[PDB]
Every structure is written in structure tokens, then in C-alpha cells.
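Architecture at a glance
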Amino acid sequence: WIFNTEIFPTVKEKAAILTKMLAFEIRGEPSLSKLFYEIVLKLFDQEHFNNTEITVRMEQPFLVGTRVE
């Protein structure tokens, strides 16, 4: 979903569906959370001075991602 451009009309729906994936470490699933923080890290990889993300990826899962043991 995230890593391509299409007629999906806004990126806030991608943001709201990806921000829900912070329950993987709360419920106790390490592998799904590892994949999720890998794709958040890849979203921050292909950006130097860019907004290929939306700015809520810099807000919640980046900051929780600096804590993930």
C-alpha cells in the first residue's frame, strides 16, 4: 500500500492504518512488530529532504521505535 503512488486519495488513511500496528509489541508479537518497524525504517530510508511519508511517521512510531528493546 504505502510504497507506491496511486489514486488512493490521501495518505492519512495509510497513516491511520499503520499507526494501529503499535499493538504488536503490547500484545506480545515480536515478529510482526519487527516487520512493522522495518517498513517504517524503510519509509524513512528513501527520504533525505522529502515528504514521501506523512509527518505522523516522524511522530508516533519513530519515537516508539527508539524504545523497542
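Residues numbered from 1 in each chain as written, not as in the entry; some residues may be left out. Part of a larger assembly, values for the part shown. Heavy atoms only, no water.

In its metadata, the entry names cryo-EM as the structure determination method and reports 3.4 Å as the resolution.

One pass over the structure, following the stated rule, counts one salt bridge. The closest approach of N and O atoms between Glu-29 and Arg-27, which form a salt bridge, is 3.9 Å. In this structure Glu-29 comes out as partly exposed when scored by relative accessible area, which is 29%. Residue classification places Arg-27 among the exposed residues on the basis of a relative accessible area of 58%. (Salt bridge = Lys/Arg side-chain N within 4 Å of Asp/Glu carboxyl O. Buried < 20%, exposed > 50% of the residue type's maximum accessible area, 1.4 Å probe, protein only.)

Attention now goes to helix α3 (residues 30–43). Taking 1.5 Å as the rise per residue, α3 with 14 residues should run 20 Å; its terminal C-alpha atoms sit 20 Å apart, in good agreement. Those residues of α3 not exposed but buried are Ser-33, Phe-36, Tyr-37, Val-40 and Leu-43. On an axial view of α3, the arc spanned by its buried residues comes to 110°, and they lie on one face. More than 90 degrees from the buried face of α3, the exposed residues found are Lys-34, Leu-35 and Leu-41. (Helix = DSSP H or I, 4+ residues; strand = E, 2+ residues; numbered from the N terminus. Expected span 1.5 Å × (residues − 1). Arc of directions from axis to C-beta.)

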